[PDB]
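Observations on the model geometry
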Amino acid sequence: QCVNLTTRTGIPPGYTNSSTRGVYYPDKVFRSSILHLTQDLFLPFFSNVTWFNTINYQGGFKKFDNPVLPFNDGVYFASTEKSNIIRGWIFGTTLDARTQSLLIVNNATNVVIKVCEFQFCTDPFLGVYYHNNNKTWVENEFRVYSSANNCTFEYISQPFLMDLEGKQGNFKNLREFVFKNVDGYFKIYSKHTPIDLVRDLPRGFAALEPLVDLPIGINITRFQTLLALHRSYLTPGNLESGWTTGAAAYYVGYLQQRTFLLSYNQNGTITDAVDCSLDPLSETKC
Amino acid sequence: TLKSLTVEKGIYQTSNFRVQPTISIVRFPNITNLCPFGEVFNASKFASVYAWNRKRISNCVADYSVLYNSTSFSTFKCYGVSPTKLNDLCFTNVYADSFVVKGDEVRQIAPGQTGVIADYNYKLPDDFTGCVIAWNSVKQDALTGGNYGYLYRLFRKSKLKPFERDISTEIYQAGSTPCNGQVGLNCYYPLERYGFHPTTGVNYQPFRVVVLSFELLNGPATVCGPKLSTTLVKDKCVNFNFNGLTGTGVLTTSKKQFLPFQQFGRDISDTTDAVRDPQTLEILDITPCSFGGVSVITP
Amino acid sequence: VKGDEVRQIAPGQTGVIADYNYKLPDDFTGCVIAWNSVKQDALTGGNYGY
Amino acid sequence: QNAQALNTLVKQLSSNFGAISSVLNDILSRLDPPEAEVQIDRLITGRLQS
Ligand SMILES: *[C@@H]1O[C@H](CO)[C@@H](O[C@@H]2O[C@H](CO)[C@@H](O)[C@H](O)[C@H]2NC(C)=O)[C@H](O)[C@H]1NC(C)=O
Ligand SMILES: *[C@@H]1O[C@H](CO)[C@@H](O[C@@H]2O[C@H](CO)[C@@H](O)[C@H](O)[C@H]2NC(C)=O)[C@H](O)[C@H]1NC(C)=O
Ligand SMILES: *[C@@H]1O[C@H](CO)[C@@H](O[C@@H]2O[C@H](CO)[C@@H](O)[C@H](O)[C@H]2NC(C)=O)[C@H](O)[C@H]1NC(C)=O
Ligand SMILES: *[C@@H]1O[C@H](CO)[C@@H](O[C@@H]2O[C@H](CO)[C@@H](O)[C@H](O)[C@H]2NC(C)=O)[C@H](O)[C@H]1NC(C)=O
Ligand SMILES: *[C@@H]1O[C@H](CO)[C@@H](O[C@@H]2O[C@H](CO)[C@@H](O)[C@H](O)[C@H]2NC(C)=O)[C@H](O)[C@H]1NC(C)=O
Ligand SMILES: *[C@@H]1O[C@H](CO)[C@@H](O[C@@H]2O[C@H](CO)[C@@H](O)[C@H](O)[C@H]2NC(C)=O)[C@H](O)[C@H]1NC(C)=O
Ligand SMILES: CCCCC/C=C\C/C=C/CCCCCCCC(=O)O
Ligand SMILES: CCCCC/C=C\C/C=C\CCCCCCCC(=O)O
Ligand SMILES: *[C@@H]1O[C@H](CO)[C@@H](O)[C@H](O)[C@H]1NC(C)=O
Ligand SMILES: *[C@@H]1O[C@H](CO)[C@@H](O)[C@H](O)[C@H]1NC(C)=O
Ligand SMILES: *[C@@H]1O[C@H](CO)[C@@H](O)[C@H](O)[C@H]1NC(C)=O
Ligand SMILES: *[C@@H]1O[C@H](CO)[C@@H](O)[C@H](O)[C@H]1NC(C)=O
Ligand SMILES: *[C@@H]1O[C@H](CO)[C@@H](O)[C@H](O)[C@H]1NC(C)=O
């Protein structure tokens, strides 16, 4: 079904840091005007972060930046995009159908979560077609895996509609996700904040509300990021069919067990956090 | 207070010795449909232990009285909560796990237990809240020829993590020689078929086990015990039962608003300062009925 | 009682026997003794007296 | 110093002295009285010590 992608200028990714990103609500309990000390897997302040960005500008140096990343006791994912290039993630130990794997993907309208022994191919991507006659986009070429199997867990949301282009320059989405696998439960925390930064991860504090706790009950050691490419009138052939991606950036960080002091607002929203291990001043504050 | 018949002249601050609450109120959400006990327990077929089946239960009334005539349970154990209090409590996240094991492997289905089922088939978290239910299923799970449909994983590289299911059929090589499939001298197929028979001993007889895992007070609860709701009483000291939380306090409207994920609020002391009414999404502040402060000045 | 209802005869236990037949105080001091009585309490036709 | 001492005492209530919960109501709601007494006693001894 799916095929490998050729003609990609392969350059290793950039490195960034998370100034205060990756803080999430520990529990659904409501607390107001109080400072609470909690120990949980957390993203350490100013932790090393890997920056994978898709620039397909004319003149060469085009890249897709789609590698396999290890899942180390949970991961922090931040995506800055205006074209919705990021579509989802695949989580599995081997990803070759020998073991069950988790697929989370938004084809175009509704997010679909499936746990099945999937035969994921080397290049798991999604496809879009730009018609010049009637300026429209059908989002075709859905090719993440080659085969399914048992499918122990199925989750499908109701259908919606989405913009498949929206290229105006600076990224405006800044979607942030935290993934944790504990006691056979996959926990996702999601925060969306509008941003105007042209090409860099913003330095800010965000609190990620709990989204879902899927009972996948599977072992996860590795993950990949699914991406969408658009092919129109350039160099057709299905391996290098002018699959230019206008612009997208994604950042990967690793959760570590840490002790954090969380400040609760009068309205009960976390507004500030302190990482005790980060520096001596933070250690005294804790 | 002085523990003496005679009292001298003094301010004598005194401890309260009077009764205040006489009204008890129960607030539970509106649930009409009964829990699907018949699907969960009375099922034509049950999953194999290695591929244990997990079913989400929500929007149900948990009345276990209905099962009393229909089913008899050999083993009933609740770790998180006392069995008598189940009727008065609401369960936020109840999941039912169904599988078939040998009669003497029922003991293995407990937190901290070890054995073939615990190590490579089904694992329970040490901090487990919920009830484990087991009953003999020889009539439905045993055939005169023999039932070999049920399977268990005899060999695995490592012990399973809690609530982890593996259905891999990859050949296991005990010996150093790579197996490359082709089961041989030191290579063995991991799954082993059970051999249930009608005339077989009770230890070898098939047992159906259902494990219920749930959290009670924390989180919104769509599953509740069979207690009728009563009209809300406010501005009076009353005993209250909101979603299985029982306390004595004065109920008042609360300015503070919880976020949609949040269901209840706790103060610095960790007592439940604010609660949300189950039927109507109105935040109610909880205030201690007594304010204290009494002294008896006596000659 | 039935063989698997023997567990119900304990303080704090719940079930048909505990709820509507025999109830033990939570602060119970004493010993509970149970033994199989199939030879004396069972008949080929069946014993429905209990 | 006097205000701080009263404030710390209110904070001590949050701590659980080996009990499943630091809230008396939660223990009473989830546990029958014989099991509940052991947990309540742990909270009572710690609160008396504070
Ligand atoms: C894309 O290229 C990769 C090579 O990296 C191919 O992966 C190979 O898959 C075959 C199975 O037929 C194995 O024999 C090789 O060991 C694999 N190579 C590596 C290094 O992983 C993959 O098949 C190609 N995809 C397609 C559809 O052509
Ligand atoms: C962490 O990343 C931030 C953002 O990339 C870095 O801040 C940049 O620092 C360079 C060099 O001083 C400036 O030219 C940029 O303007 C800064 N950007 C922003 C948005 O602040 C920072 O140097 C990195 N290092 C740490 C650990 O703070
Ligand atoms: C989760 O999956 C990983 C595989 O990514 C398992 O790690 C292997 O463990 C075995 C021994 O059990 C080692 O010999 C291998 O070197 C490990 N790595 C790989 C790549 O196979 C891990 O054991 C699994 N965890 C559980 C509890 O099954
Ligand atoms: C014209 O507009 C429509 C809807 O966006 C599309 O027309 C489809 O063209 C495909 C072939 O590419 C046909 O198989 C469909 O039957 C057409 N559908 C309709 C409703 O006519 C197309 O995206 C646009 N561009 C073209 C090819 O004219
Ligand atoms: C998951 O899927 C696999 C693939 O079918 C099942 O394994 C068996 O595969 C062979 C073919 O190689 C079939 O002949 C068997 O019928 C399959 N088993 C059964 C029960 O039919 C495997 O059984 C499935 N696992 C689960 C838990 O359903
Ligand atoms: C409770 O269950 C018992 C099971 O023995 C029921 O009694 C039997 O009912 C069946 C039909 O369902 C009859 O064929 C048997 O003759 C009955 N046996 C006896 C000893 O009466 C009983 O009907 C059930 N009662 C209720 C209210 O459900
Ligand atoms: C005869 C050799 C004994 C050697 C003693 C030294 C330690 C080994 C024994 C301790 C573990 C108990 C083994 C019993 C296994 C029970 C199997 C089960 O319950 O699933
Ligand atoms: C299948 C529905 C399960 C949904 C979970 C929500 C509450 C229901 C489970 C808690 C009650 C315990 C049931 C065990 C009955 C014991 C029978 C007995 O020996 O007396
Ligand atoms: C982050 O990781 C890279 C590669 O390991 C390393 O070179 C760098 O020193 C680390 N920290 C910084 C400063 O980005
Ligand atoms: C997306 O969801 C599923 C993914 O399997 C797909 O079958 C379906 O056709 C898609 N729906 C829409 C409206 O895009
Ligand atoms: C809290 O809520 C109030 C009322 O909605 C709002 O005006 C205020 O901006 C919010 N934020 C603060 C200051 O906590
Ligand atoms: C159980 O299921 C069988 C088959 O569907 C049905 O006949 C019976 O009435 C059900 N109820 C009992 C007795 O548990
Ligand atoms: C439950 O019913 C009451 C009375 O009809 C109503 O006021 C309340 O809003 C209902 N709540 C739900 C859960 O719909």
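For this entry, the PDB record names cryo-EM as the structure determination method and reports a resolution of 2.50 Å.

Residue and element names in this part refer to chain A. Tallied over the entire structure, the rule returns eight disulfides over all chains. A disulfide bridge connects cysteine 2 with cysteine 121, and the sulfur atoms are separated by 2.0 Å. On the sign convention where negative is left-handed, the bridge of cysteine 2 and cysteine 121, at about -120° about the S-S bond, is left-handed. Here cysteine 2 is found in the segment before β1 (14-18), whereas its partner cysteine 121 is found in strand β10 (residues 120-131), with 119 residues between them in sequence. For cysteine 121, a relative accessible area of 14% corresponds to the buried category. The disulfide that involves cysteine 116 links it to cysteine 151, with 2.0 Å between the sulfurs. One quick way to see it: the torsion about the S-S bond of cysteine 116 and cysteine 151 is about -110°, and its sign makes the bridge left-handed. One end of the pair, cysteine 116, is in strand β9 (residues 111-116); the other, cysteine 151, is in the loop between β12 (143-145) and β13 (153-156), with 35 residues separating them in the sequence. Among the residues examined, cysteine 151 registers a relative accessible area of 28% and is labelled partly exposed. Here the disulfide map of chain A reads 1-3, 2-4, 5-6, the bonded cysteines being numbered as they appear in the sequence.

What follows concerns the packing of aromatic side chains. We describe a pair of aromatic rings using the distance from one ring centre to the other and the angle between the two ring planes. Overall, the coordinates contain 47 aromatic pairs over all chains when judged by the stated rule. Consider the rings of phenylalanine 45 of chain A and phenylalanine 260 of chain A, whose centres lie 5.2 Å apart with planes at 80°: the pair is edge-to-face. Note that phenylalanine 45 of chain A is positioned in the loop between β3 (35-42) and β4 (47-54) and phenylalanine 260 of chain A in strand β19 (residues 256-264), a separation of 215 residues in sequence. Residues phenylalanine 64 of chain A and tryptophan 243 of chain A carry aromatic rings whose centres are separated by 5.4 Å and whose planes lie at 85° to one another, so their mutual orientation is edge-to-face. On the criterion of sequence distance, the pair formed by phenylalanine 64 of chain A in the loop between β4 and β5 (68-70) and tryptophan 243 of chain A in the loop between β17 (222-231) and β18 (248-254) is long-range, its members being 179 residues apart. Note on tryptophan 243 of chain A: relative accessible area 0%, which makes it buried. Aromatic rings pair up to connect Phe52, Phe71, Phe77, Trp89, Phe91, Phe177, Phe179, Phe186, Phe223 and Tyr250 of chain A into one cluster. Sitting over the ring of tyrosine 95 of chain B, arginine 54 of chain B keeps its end group 4.9 Å from the ring centre.

Thresholds applied
Residues numbered from 1 in each chain as written, not as in the entry; some residues may be left out. Chains lettered and ligands numbered in written order. Part of a larger assembly, values for the part shown. Heavy atoms only, no water. Disulfide = S-S within 2.5 Å. Helix = DSSP H or I, 4+ residues; strand = E, 2+ residues; numbered from the N terminus. Buried < 20%, exposed > 50% of the residue type's maximum accessible area, 1.4 Å probe, protein only. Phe/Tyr/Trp six-rings, centres within 6.5 Å; stacked < 30°, edge-to-face > 60°. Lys NZ or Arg CZ within 6 Å of the ring centre and 35° of its normal.

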